[PDB]
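Peer 1: Please find one structure pasted underneath; my questions will follow.
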Amino acid sequence: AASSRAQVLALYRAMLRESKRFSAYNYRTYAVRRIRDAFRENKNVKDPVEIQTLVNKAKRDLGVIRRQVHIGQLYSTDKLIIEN
Amino acid sequence: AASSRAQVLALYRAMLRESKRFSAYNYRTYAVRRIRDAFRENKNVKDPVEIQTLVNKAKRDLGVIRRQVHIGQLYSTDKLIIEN
Amino acid sequence: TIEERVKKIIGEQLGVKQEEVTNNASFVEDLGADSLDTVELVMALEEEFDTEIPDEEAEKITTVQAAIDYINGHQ
Amino acid sequence: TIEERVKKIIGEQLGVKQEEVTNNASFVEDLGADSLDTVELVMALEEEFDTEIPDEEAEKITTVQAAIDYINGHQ
Amino acid sequence: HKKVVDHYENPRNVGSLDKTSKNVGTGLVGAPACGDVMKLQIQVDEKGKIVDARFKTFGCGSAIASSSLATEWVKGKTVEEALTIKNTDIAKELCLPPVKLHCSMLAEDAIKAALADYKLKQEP
Amino acid sequence: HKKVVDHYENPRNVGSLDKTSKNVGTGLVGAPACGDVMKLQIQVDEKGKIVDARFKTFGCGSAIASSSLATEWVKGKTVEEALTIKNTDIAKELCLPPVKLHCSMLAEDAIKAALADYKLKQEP
Amino acid sequence: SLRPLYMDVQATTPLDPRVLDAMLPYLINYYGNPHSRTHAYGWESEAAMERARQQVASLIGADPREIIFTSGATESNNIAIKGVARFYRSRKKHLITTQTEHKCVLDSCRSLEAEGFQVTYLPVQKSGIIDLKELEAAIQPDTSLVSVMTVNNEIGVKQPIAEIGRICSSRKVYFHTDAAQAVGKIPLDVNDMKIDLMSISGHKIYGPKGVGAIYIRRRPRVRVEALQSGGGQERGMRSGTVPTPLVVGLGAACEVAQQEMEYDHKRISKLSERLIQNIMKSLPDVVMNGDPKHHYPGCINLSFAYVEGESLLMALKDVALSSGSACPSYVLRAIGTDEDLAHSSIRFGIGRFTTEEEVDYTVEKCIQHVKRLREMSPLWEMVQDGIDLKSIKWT
Amino acid sequence: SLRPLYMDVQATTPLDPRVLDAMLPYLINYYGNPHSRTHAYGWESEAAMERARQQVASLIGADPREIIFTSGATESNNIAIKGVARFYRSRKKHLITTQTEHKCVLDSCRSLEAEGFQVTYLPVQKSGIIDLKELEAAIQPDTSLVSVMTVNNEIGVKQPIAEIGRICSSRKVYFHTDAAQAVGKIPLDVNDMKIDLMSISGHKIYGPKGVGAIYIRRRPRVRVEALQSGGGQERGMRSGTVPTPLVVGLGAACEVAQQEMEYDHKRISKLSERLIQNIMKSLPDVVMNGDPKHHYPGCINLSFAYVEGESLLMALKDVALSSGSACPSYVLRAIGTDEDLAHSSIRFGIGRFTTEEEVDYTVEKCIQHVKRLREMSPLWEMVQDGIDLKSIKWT
Ligand SMILES: *P(=O)(O)OCC(C)(C)[C@@H](O)C(=O)NCCC(=O)NCCSC(=O)CCCCCCCCCCC
Ligand SMILES: *P(=O)(O)OCC(C)(C)[C@@H](O)C(=O)NCCC(=O)NCCSC(=O)CCCCCCCCCCC
Ligand SMILES: O=C(O)CN(CCN(CC(=O)O)CC(=O)O)CC(=O)O
Ligand SMILES: O=C(O)CN(CCN(CC(=O)O)CC(=O)O)CC(=O)O
Ligand SMILES: *Cc1c(COP(=O)(O)O)cnc(C)c1O
Ligand SMILES: *Cc1c(COP(=O)(O)O)cnc(C)c1O
């Protein structure tokens, strides 16, 4: 059986690392902040089937992040004034 | 000054090679056929400014092909019945 | 069947009967091919033999024997 | 200024005063960090020093001195 | 649905029987203008049991499947048992939507037509 | 447009002059309800030449730029020459769209207001 | 499982990759409201809007001020037909259209008939083409509008648009054409054709779904009563937020179509002749619906006697097609098709991305399965036995 | 050059990346017409349509059969207000709405006033909230519909929707709410709130532009006269081709919003309190338009006395904002704002992707440039000299 803890921590790192590659400032800051807040908010879940539901949802969102980061790089634009 | 002939032949190869990477059958067959037909149709143009206009248009479409091939790979689907 | 599948590819590409595709024949001067046909010819050989022919090699493949030689020397 | 910027990073990440960030201190047992903080800590050190810390190395960076040692041994 | 398409991709009992037989009953129902014509023929032995049946249908897949299923179902039943075959049974077996229930109704009409053409010949 | 925004990002002649001076003419035009109030003050020497000018404007950027440009333009002209400054000149210099031509009209109204307040003091 | 061939472009088209590429920046970074006048997200969004307006106008020979963006050709048809009839209702109450129009044009007309308007639904000939002289005789002193589609969505026939324009122009009647199936496929010029209003759909020309346009002539000024009230966007003629990504796609599709229409027509015509000839040379009792002398080759409507159309579509399980489709058949009834033969009609669609291999596959499978369905058909069996079907008491 | 911060989400929102990801398969490979009933391109397109319908319905507590797709909240508002008034015109001729509604609701009502309907435009209090007891007194025996928006697009005030529902329900009057600025941001339940009709806009909730929905209650059945005639799509209530990619995006946006609304509200509220408090503690004569006790925190409308709003927006050259915007100000006039102060109002928008760094930047620049504009302002100079502005003969 797969380890839920090993999965969650590996998903946590991969999700943060990928979100940091967003070109757009508003998507990048949101994703990094949302992942950090969501993993922390669900830290004390005990129901093993609730955790697997969350894990699968994270794996799906990691695919969303990976695809949207790439298309955001293909169609990029200048940074905002506050990134100077 | 850049060579128009060296540019056109290098663009011809790169455009065909990239179009062959389309996952979707209808985009792949169309692009390969359209590039082959367009370069042949414009073969006997003599006006150097008309050629540069065509060359620039090809360079722009090569960027379109490159981007659309990639997003077609991110969001691919099964082949059609006739590719079996 | 043999590596002389090169001949068949040159034939279909340039619209030339297999009898006229001789070893010493050049695509442009003997088989009526232009620089657009030859680009497609190199790519056709690339797809047929699962090989990658870079620009500095494709420029040397101007005759039928040259095409047979390059393919035979690249598995 | 010196490579002891590691200490400053651990401080901001775990919300601990720089006086309590000692060399022999461990993130979990001495600075109240969990497994989510440590993931962020490793990434923070990765961004600070322009280095790539793989999983088998990040698992060994559990104390402050271990973090200073890994960074000093990787330019 | 797979149940309906199966009756075309794997046809069964498609054909014709001898209309001139005293043991063959032919039912022809529908109209070409209505997009649905059903020909159903049954063969009865001398004990009253349908021993064979054939069909030909001009119509949509649901009509093809309705009359194809009816042609299967009459086989092995007697003339009296086949009268009890209801359009609701055909529709349930094929999972027909409400917009295709008329196909089951015409399939039932085809059975009773052929059954009546048979019983008309058995008068003397 | 860059020409209009320049008058805010690089302000000039923003301020006030002494209303009690016999050589200072003050023009206050517009209304706060209309979103556009223009205060334009000029300083004339004893030879009739405007030697200085100040302005303050409550309004959009086109109004700010219109009265700012008018305050520049009156400097160095005489009282008689400044009357010939037309709203069409202000609008052309600033490339104003038709929905902002009222700003040039009020800027012209401000010049003539201050010029009239000056000429009223020169009666004795 | 492997996916079927797409041969249904009259229902909708795939996005041209050039169109998707043009839209994507406005789906990622340039997401501003084109009506936001105070910042750069608005300025760049508005500039892309107006750039698209010019692209649409160039294709049909219009002035960009005459292009209004809509949500599709359905809404454009409503704006043209209902907007014109309502604006002139105090002086004109009669409208003219054809019996083969798209259902949105017909139901808009039935809607106006219940509002007190008189509508003449012109018949077509067996060819599917209106009789120009019947149109002239139908025009009354209180006729407000004539509406005739450029290309029919079901059988692909081309109506004589330019000749209808001359009739309407010379009588001071407004002329609207539903060009949804024609824009970018055949030449269109509003001035040469004397068009006053035109409906355009984006997803019939390899642009995105959910966008269209209406051309409204400005000289001489054509007046239209607006139907969608709101903030006055699109010169008060179509209120609501102009969807910048969608209109950018429409403009890109119009520019691509302007560049590709000649090449597409040559390729599609050759493919269309091949599909029709190879089917008819191998199958008896195949009839094409609509006159081939006045026909867009990409819309082929054939009837296969003694075979019901839906069963044929089911039998062609790996080809995406339609039968009696609105992008029974009132169009087929209108060209005088027999009712039984109307149940036997299939629409083949060939487009910019269709290949010769797809046509040949479709032709082979169609030949194969018409024969199979005929062997299952009682009407075919009766005809094979020398029985006249028009002599049987059915029902 | 570097791009300005986006603080204008009430005008439109960026696409949530999850929404774009969900749409893209329907822009590349699944391009079928959802109304094509005979092939897999249609089947899969229809399944995505109905999946989106359920997502929209789950967010507002409706049955999917009660969700109709439209091109935006503008069209939904037209369908609700014009469709209801026209259906019951033979028995009811009176409609009720507010003076602060979106311009599309107001112009639809002015359109109906010219069609012979009687419209009561209810006033609001200084808070921007209607008086529930004035609404009850306004209801006449022939009142057909009451329409009150859930959240105001200009000042963000929340109307008492559930209490309005109880009034309308208990009098057998239909209740429509324009919820464009509320869906996915505050809790919505059609049953608990007794809503009969609701307008939804996709691009106000991080979905694509050019799509929306109207909820129409089915029990008890609410009847609506259709305005867009056509093939009868969407149960005959909104004809035209349902744009599958756009409705897929709307459903995805509704599902994301249902999951994120609580988290977003906590984050946006904290950011909104920070923007208001840090501006007001550093600038005198700053007034917030609308009662903070009944207010969506993401829409902040402040007035800066003695400074004209457009100049302030120009001065904030690196922040995208608006002033007196419709997503002078009739909304500000309606809450009794002084005319001069109405020219001094700015709308700040904070959304799902706004950062604390952006708020702090916006606050600093706003403080900086209000001071500069006041030093250029003659009204500020007069007040500094102890002059009462309400005693000057202007014009
Ligand atoms: P070779 O026989 O030695 O010479 C070949 C050339 C063409 C170099 C020679 O004939 C020549 O010099 N001709 C002069 C005129 C000329 O250069 N014509 C070619 C100009 S480039 C061109 O035609 C661009 C066509 C672009 C087609 C893009 C289609 C993409 C579609 C996208 C789909 C998603
Ligand atoms: P560590 O202190 O040793 O342990 C940490 C963990 C979480 C492993 C430990 O506390 C534990 O085992 N908890 C049990 C409950 C649990 O596993 N919770 C986490 C489940 S995973 C989760 O919450 C997914 C959240 C997904 C957020 C995605 C946001 C993406 C948005 C996209 C934007 C474009
Ligand atoms: O918050 C984050 O982790 C994402 N960004 C935040 C934005 N950066 C600017 C930039 O990355 O260009 C910080 C800033 O806003 O100055 C930093 C990164 O990881 O790249
Ligand atoms: O025409 C082409 O060059 C593109 N395709 C045509 C499609 N192929 C099938 C496939 O590539 O899967 C040939 C076919 O249709 O059988 C071949 C390729 O280059 O990959
Ligand atoms: C597609 C079609 C329409 C409807 O256009 P939409 O963009 O789907 O609203 C109108 N007329 C014809 C001929 C059509 O084919
Ligand atoms: C945006 C808006 C509308 C219009 O919605 P669209 O989708 O742009 O048509 C209607 N009402 C309110 C309150 C809005 O903010």
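In the structure tokens, each chain is lettered A, B, ... as it comes, each chain's residues begin at 1, and ligands are numbered from 1 in order of appearance.
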I need the residues in chain C that are alpha helix (DSSP H) according to DSSP; give them as a PyMOL selection string.
Peer 2: chain C and resi 5-14+27-31+35-49+55-58+64-72
Peer 1: Convert the current residue selection to file output with N, CA and C atoms, as a compact mmCIF listing (two decimals), in the first residue's frame.
Peer 2:
```txt
# COMPACT_ATOMS: atom_id res chain seq x y z
N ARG C 5 15.80 0.16 -50.43
CA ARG C 5 14.56 0.91 -50.24
C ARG C 5 14.76 2.40 -50.48
N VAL C 6 16.01 2.86 -50.42
CA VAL C 6 16.33 4.24 -50.76
C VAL C 6 15.82 4.56 -52.16
N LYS C 7 16.05 3.64 -53.10
CA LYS C 7 15.62 3.86 -54.48
C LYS C 7 14.11 4.07 -54.56
N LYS C 8 13.34 3.23 -53.87
CA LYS C 8 11.88 3.37 -53.87
C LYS C 8 11.45 4.72 -53.33
N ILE C 9 12.13 5.21 -52.29
CA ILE C 9 11.76 6.50 -51.70
C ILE C 9 12.01 7.63 -52.69
N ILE C 10 13.20 7.64 -53.32
CA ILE C 10 13.49 8.65 -54.33
C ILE C 10 12.45 8.61 -55.45
N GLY C 11 12.01 7.40 -55.83
CA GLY C 11 11.03 7.28 -56.90
C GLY C 11 9.71 7.94 -56.56
N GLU C 12 9.12 7.55 -55.42
CA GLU C 12 7.83 8.12 -55.03
C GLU C 12 7.93 9.63 -54.83
N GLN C 13 9.05 10.10 -54.29
CA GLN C 13 9.18 11.52 -53.97
C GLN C 13 9.25 12.37 -55.23
N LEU C 14 10.09 11.99 -56.19
CA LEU C 14 10.29 12.80 -57.38
C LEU C 14 9.41 12.38 -58.55
N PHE C 27 19.58 14.15 -57.99
CA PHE C 27 18.17 14.52 -57.90
C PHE C 27 17.84 15.72 -58.79
N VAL C 28 18.67 16.76 -58.72
CA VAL C 28 18.37 18.00 -59.43
C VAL C 28 18.65 17.86 -60.92
N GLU C 29 19.85 17.41 -61.27
CA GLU C 29 20.30 17.43 -62.66
C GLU C 29 19.82 16.24 -63.47
N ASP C 30 19.37 15.16 -62.82
CA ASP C 30 18.97 13.95 -63.53
C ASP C 30 17.52 13.54 -63.28
N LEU C 31 16.89 14.00 -62.20
CA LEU C 31 15.53 13.59 -61.87
C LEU C 31 14.58 14.77 -61.71
N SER C 35 14.97 22.49 -55.09
CA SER C 35 15.40 22.56 -53.70
C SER C 35 14.26 22.27 -52.72
N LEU C 36 13.01 22.39 -53.15
CA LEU C 36 11.88 22.03 -52.30
C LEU C 36 11.67 20.52 -52.27
N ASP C 37 11.85 19.86 -53.42
CA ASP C 37 11.76 18.41 -53.45
C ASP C 37 12.85 17.77 -52.60
N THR C 38 14.06 18.32 -52.64
CA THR C 38 15.17 17.68 -51.94
C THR C 38 15.00 17.79 -50.43
N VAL C 39 14.50 18.93 -49.94
CA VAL C 39 14.16 19.03 -48.52
C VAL C 39 13.21 17.89 -48.13
N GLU C 40 12.16 17.69 -48.93
CA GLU C 40 11.21 16.61 -48.65
C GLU C 40 11.86 15.24 -48.80
N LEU C 41 12.78 15.10 -49.76
CA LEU C 41 13.46 13.82 -49.95
C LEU C 41 14.26 13.44 -48.70
N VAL C 42 15.05 14.38 -48.17
CA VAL C 42 15.85 14.10 -46.98
C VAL C 42 14.95 13.71 -45.82
N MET C 43 13.88 14.48 -45.60
CA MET C 43 12.94 14.16 -44.53
C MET C 43 12.30 12.79 -44.75
N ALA C 44 11.97 12.46 -46.01
CA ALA C 44 11.38 11.16 -46.31
C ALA C 44 12.33 10.03 -45.92
N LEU C 45 13.61 10.15 -46.29
CA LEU C 45 14.60 9.17 -45.86
C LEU C 45 14.75 9.16 -44.34
N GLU C 46 14.62 10.33 -43.71
CA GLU C 46 14.69 10.39 -42.25
C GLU C 46 13.56 9.58 -41.61
N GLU C 47 12.34 9.71 -42.14
CA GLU C 47 11.20 8.98 -41.58
C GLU C 47 11.26 7.50 -41.92
N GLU C 48 11.84 7.15 -43.07
CA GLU C 48 11.86 5.75 -43.49
C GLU C 48 12.81 4.92 -42.64
N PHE C 49 13.97 5.48 -42.29
CA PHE C 49 15.03 4.73 -41.64
C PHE C 49 15.22 5.12 -40.18
N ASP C 55 21.96 19.20 -41.08
CA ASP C 55 22.08 20.05 -42.26
C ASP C 55 23.39 19.81 -43.00
N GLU C 56 24.49 19.63 -42.27
CA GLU C 56 25.78 19.47 -42.93
C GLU C 56 25.88 18.14 -43.66
N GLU C 57 25.08 17.14 -43.28
CA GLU C 57 25.04 15.87 -43.99
C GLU C 57 24.03 15.90 -45.13
N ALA C 58 22.87 16.51 -44.91
CA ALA C 58 21.85 16.59 -45.95
C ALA C 58 22.35 17.33 -47.18
N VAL C 64 21.78 9.58 -55.79
CA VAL C 64 21.14 8.37 -55.27
C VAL C 64 22.14 7.53 -54.48
N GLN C 65 23.36 7.36 -55.00
CA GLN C 65 24.36 6.57 -54.30
C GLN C 65 24.74 7.22 -52.97
N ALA C 66 24.82 8.56 -52.94
CA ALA C 66 25.13 9.24 -51.69
C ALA C 66 24.07 8.96 -50.63
N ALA C 67 22.80 8.86 -51.05
CA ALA C 67 21.74 8.55 -50.10
C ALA C 67 21.85 7.11 -49.61
N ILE C 68 22.17 6.18 -50.50
CA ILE C 68 22.35 4.79 -50.09
C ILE C 68 23.54 4.66 -49.15
N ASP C 69 24.61 5.42 -49.40
CA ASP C 69 25.81 5.32 -48.58
C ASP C 69 25.57 5.86 -47.18
N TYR C 70 24.89 7.01 -47.06
CA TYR C 70 24.67 7.59 -45.74
C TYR C 70 23.79 6.69 -44.88
N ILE C 71 22.76 6.09 -45.48
CA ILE C 71 21.87 5.23 -44.72
C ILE C 71 22.59 3.95 -44.29
N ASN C 72 23.42 3.39 -45.18
CA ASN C 72 24.15 2.17 -44.84
C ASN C 72 25.17 2.40 -43.74
```
Peer 1: May I ask you to extract the residues of chain A within 12 Å of chain D, using only C-alpha atoms, and to give them as number ranges by chain?
Peer 2: A: 5-6, 8-18, 20, 32-33, 35-43
Peer 1: Convert the current residue selection to file output with N, CA and C atoms, as an mmCIF file, in the first residue's frame.
Peer 2:
```
data_model
loop_
_atom_site.group_PDB
_atom_site.id
_atom_site.type_symbol
_atom_site.label_atom_id
_atom_site.label_comp_id
_atom_site.auth_asym_id
_atom_site.auth_seq_id
_atom_site.Cartn_x
_atom_site.Cartn_y
_atom_site.Cartn_z
ATOM 1 N N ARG A 5 1.747 9.636 3.940
ATOM 2 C CA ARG A 5 2.636 10.711 4.372
ATOM 3 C C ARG A 5 3.721 10.979 3.334
ATOM 4 N N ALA A 6 4.358 9.919 2.832
ATOM 5 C CA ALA A 6 5.372 10.088 1.796
ATOM 6 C C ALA A 6 4.783 10.742 0.555
ATOM 7 N N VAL A 8 2.084 12.797 0.463
ATOM 8 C CA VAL A 8 1.663 14.172 0.723
ATOM 9 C C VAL A 8 2.863 15.112 0.707
ATOM 10 N N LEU A 9 3.961 14.715 1.356
ATOM 11 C CA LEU A 9 5.135 15.582 1.421
ATOM 12 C C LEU A 9 5.792 15.733 0.053
ATOM 13 N N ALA A 10 5.821 14.656 -0.735
ATOM 14 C CA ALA A 10 6.363 14.742 -2.088
ATOM 15 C C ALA A 10 5.472 15.589 -2.984
ATOM 16 N N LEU A 11 4.150 15.464 -2.824
ATOM 17 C CA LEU A 11 3.223 16.323 -3.555
ATOM 18 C C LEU A 11 3.360 17.774 -3.112
ATOM 19 N N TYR A 12 3.555 17.997 -1.811
ATOM 20 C CA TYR A 12 3.724 19.351 -1.292
ATOM 21 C C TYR A 12 4.915 20.045 -1.946
ATOM 22 N N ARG A 13 6.062 19.365 -1.998
ATOM 23 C CA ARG A 13 7.247 19.961 -2.606
ATOM 24 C C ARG A 13 7.049 20.187 -4.103
ATOM 25 N N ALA A 14 6.539 19.179 -4.817
ATOM 26 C CA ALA A 14 6.415 19.292 -6.268
ATOM 27 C C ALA A 14 5.437 20.392 -6.650
ATOM 28 N N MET A 15 4.359 20.520 -5.882
ATOM 29 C CA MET A 15 3.350 21.534 -6.146
ATOM 30 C C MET A 15 3.900 22.935 -5.920
ATOM 31 N N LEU A 16 4.621 23.147 -4.817
ATOM 32 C CA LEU A 16 5.218 24.456 -4.566
ATOM 33 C C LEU A 16 6.270 24.793 -5.619
ATOM 34 N N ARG A 17 7.174 23.848 -5.902
ATOM 35 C CA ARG A 17 8.210 24.080 -6.905
ATOM 36 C C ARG A 17 7.612 24.437 -8.261
ATOM 37 N N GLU A 18 6.556 23.731 -8.672
ATOM 38 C CA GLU A 18 5.961 24.000 -9.977
ATOM 39 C C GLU A 18 5.244 25.343 -9.994
ATOM 40 N N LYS A 20 5.974 27.975 -8.381
ATOM 41 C CA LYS A 20 6.969 29.036 -8.436
ATOM 42 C C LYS A 20 7.433 29.330 -9.855
ATOM 43 N N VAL A 32 1.219 29.487 -4.758
ATOM 44 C CA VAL A 32 2.137 29.201 -3.659
ATOM 45 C C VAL A 32 1.444 29.416 -2.319
ATOM 46 N N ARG A 33 0.672 30.499 -2.195
ATOM 47 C CA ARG A 33 -0.010 30.777 -0.936
ATOM 48 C C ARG A 33 -1.137 29.782 -0.684
ATOM 49 N N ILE A 35 -1.528 26.604 -1.823
ATOM 50 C CA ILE A 35 -0.999 25.288 -1.479
ATOM 51 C C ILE A 35 -0.520 25.266 -0.034
ATOM 52 N N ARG A 36 0.203 26.307 0.380
ATOM 53 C CA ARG A 36 0.707 26.360 1.746
ATOM 54 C C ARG A 36 -0.442 26.402 2.746
ATOM 55 N N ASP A 37 -1.508 27.135 2.418
ATOM 56 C CA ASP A 37 -2.632 27.258 3.338
ATOM 57 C C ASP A 37 -3.479 25.989 3.365
ATOM 58 N N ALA A 38 -3.649 25.335 2.214
ATOM 59 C CA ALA A 38 -4.523 24.168 2.145
ATOM 60 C C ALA A 38 -3.904 22.966 2.851
ATOM 61 N N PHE A 39 -2.629 22.685 2.573
ATOM 62 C CA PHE A 39 -1.945 21.587 3.247
ATOM 63 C C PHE A 39 -1.931 21.792 4.756
ATOM 64 N N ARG A 40 -1.789 23.041 5.201
ATOM 65 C CA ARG A 40 -1.800 23.316 6.634
ATOM 66 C C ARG A 40 -3.200 23.155 7.212
ATOM 67 N N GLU A 41 -4.219 23.590 6.468
ATOM 68 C CA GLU A 41 -5.591 23.495 6.954
ATOM 69 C C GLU A 41 -6.053 22.048 7.083
ATOM 70 N N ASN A 42 -5.551 21.150 6.236
ATOM 71 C CA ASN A 42 -5.951 19.749 6.255
ATOM 72 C C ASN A 42 -4.960 18.870 7.007
ATOM 73 N N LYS A 43 -4.095 19.475 7.820
ATOM 74 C CA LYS A 43 -3.018 18.723 8.451
ATOM 75 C C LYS A 43 -3.556 17.687 9.434
#
```
Peer 1: Counting only C-alpha atoms and all ligand atoms, figure out which residue out of H:119, H:157, H:188, H:5 gets nearest to ligand 6.
Peer 2: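 Looking at the shortest contact to ligand 6, the residue is H:157.
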Peer 1: When the cut-off is 6 Å and you count only C-alpha atoms and all ligand atoms, which residues lie near ligand 6, shown as JSON, numbers by chain?
Peer 2: {"G": [240, 241], "H": [72, 73, 74, 102, 152, 153, 178, 180, 181, 201, 212, 327]}
Peer 1: Can you measure atom CA of residue 19 of chain A to atom CA of residue 76 of chain A for me? One decimal in Å is fine.
Peer 2: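 A separation of 15.2 Å between them.
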Peer 1: Give me, as a PyMOL selection string, the set of residues whose atoms come within 6 Å of any atom of ligand 3, counting only C-alpha atoms and all ligand atoms.
Peer 2: chain A and resi 20+25+28-29+32+82-83
Peer 1: The selected residues should be written to file as a PDB file, in the first residue's frame (atoms: C-alpha atoms).
Peer 2:
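Done, and the output landed in part.pdb:
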```
ATOM      1  CA  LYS A  20       6.969  29.036  -8.436  1.00  0.00           C
ATOM      2  CA  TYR A  25       2.651  37.310 -10.683  1.00  0.00           C
ATOM      3  CA  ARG A  28       2.300  32.509  -8.938  1.00  0.00           C
ATOM      4  CA  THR A  29       1.659  34.245  -5.622  1.00  0.00           C
ATOM      5  CA  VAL A  32       2.137  29.201  -3.659  1.00  0.00           C
ATOM      6  CA  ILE A  82       5.870  45.984  -8.202  1.00  0.00           C
ATOM      7  CA  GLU A  83       8.274  43.279  -9.393  1.00  0.00           C
TER       8      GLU A  83
END
```
Peer 1: May I have the residues of chain B within 10 Å of chain G, counting only C-alpha atoms, written as a ChimeraX atom specification?
Peer 2: /B:25-31,33-34,37-38,61,63-65,67-69,71-72,77-84
Peer 1: Could you produce a table of the residues of chain G lying within 12 Å of chain E, with the nearest pair of atoms per residue and their separation in Å rounded to one decimal, using only C-alpha atoms, ordered by chain and increasing residue number, as a Markdown table?
Peer 2:
```
| residue | atom | partner | partner_atom | distance |
| --- | --- | --- | --- | --- |
| G:304 | CA | E:58 | CA | 11.9 |
| G:305 | CA | E:58 | CA | 10.4 |
| G:306 | CA | E:58 | CA | 7.0 |
| G:307 | CA | E:58 | CA | 6.1 |
| G:308 | CA | E:59 | CA | 5.0 |
| G:309 | CA | E:60 | CA | 7.2 |
| G:310 | CA | E:60 | CA | 5.1 |
| G:311 | CA | E:60 | CA | 4.5 |
| G:312 | CA | E:60 | CA | 8.1 |
| G:313 | CA | E:60 | CA | 9.1 |
| G:314 | CA | E:61 | CA | 6.9 |
| G:315 | CA | E:8 | CA | 7.6 |
| G:316 | CA | E:9 | CA | 10.6 |
| G:317 | CA | E:5 | CA | 9.5 |
| G:323 | CA | E:60 | CA | 11.7 |
| G:328 | CA | E:34 | CA | 9.4 |
| G:329 | CA | E:35 | CA | 12.0 |
| G:333 | CA | E:33 | CA | 11.6 |
| G:337 | CA | E:33 | CA | 11.1 |
| G:338 | CA | E:33 | CA | 8.0 |
| G:339 | CA | E:33 | CA | 4.9 |
| G:340 | CA | E:33 | CA | 4.4 |
| G:341 | CA | E:33 | CA | 8.1 |
| G:342 | CA | E:33 | CA | 8.4 |
| G:343 | CA | E:35 | CA | 5.7 |
| G:344 | CA | E:35 | CA | 8.3 |
| G:345 | CA | E:35 | CA | 11.3 |
| G:369 | CA | E:8 | CA | 10.3 |
| G:370 | CA | E:58 | CA | 11.7 |
| G:372 | CA | E:8 | CA | 9.3 |
| G:373 | CA | E:58 | CA | 8.0 |
| G:374 | CA | E:58 | CA | 8.3 |
| G:375 | CA | E:56 | CA | 8.1 |
| G:376 | CA | E:56 | CA | 5.0 |
| G:377 | CA | E:58 | CA | 4.9 |
| G:378 | CA | E:56 | CA | 5.2 |
| G:379 | CA | E:58 | CA | 7.1 |
| G:380 | CA | E:58 | CA | 8.8 |
| G:381 | CA | E:56 | CA | 8.7 |
| G:382 | CA | E:39 | CA | 10.8 |
| G:389 | CA | E:32 | CA | 8.9 |
| G:390 | CA | E:32 | CA | 9.8 |
| G:391 | CA | E:31 | CA | 12.0 |
| G:392 | CA | E:31 | CA | 9.3 |
| G:393 | CA | E:31 | CA | 8.7 |
| G:394 | CA | E:31 | CA | 5.2 |
| G:395 | CA | E:30 | CA | 5.3 |
```
Peer 1: Which polymer residues have any atom within 12 Å of an atom of residue 46 of chain F, counting only C-alpha atoms, with same-chain residues fewer than 4 positions away left out, as a list in words?
Peer 2: residues 22, 23, 24, 50, 51, 78, 79 and 122 of chain F
Peer 1: Using only C-alpha atoms and all ligand atoms for the distances, tell me which of H:253, H:148, H:109, H:279 is nearest to ligand 2.
Peer 2: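 When distances to ligand 2 are compared using only C-alpha atoms and all ligand atoms, the smallest one comes from H:253.
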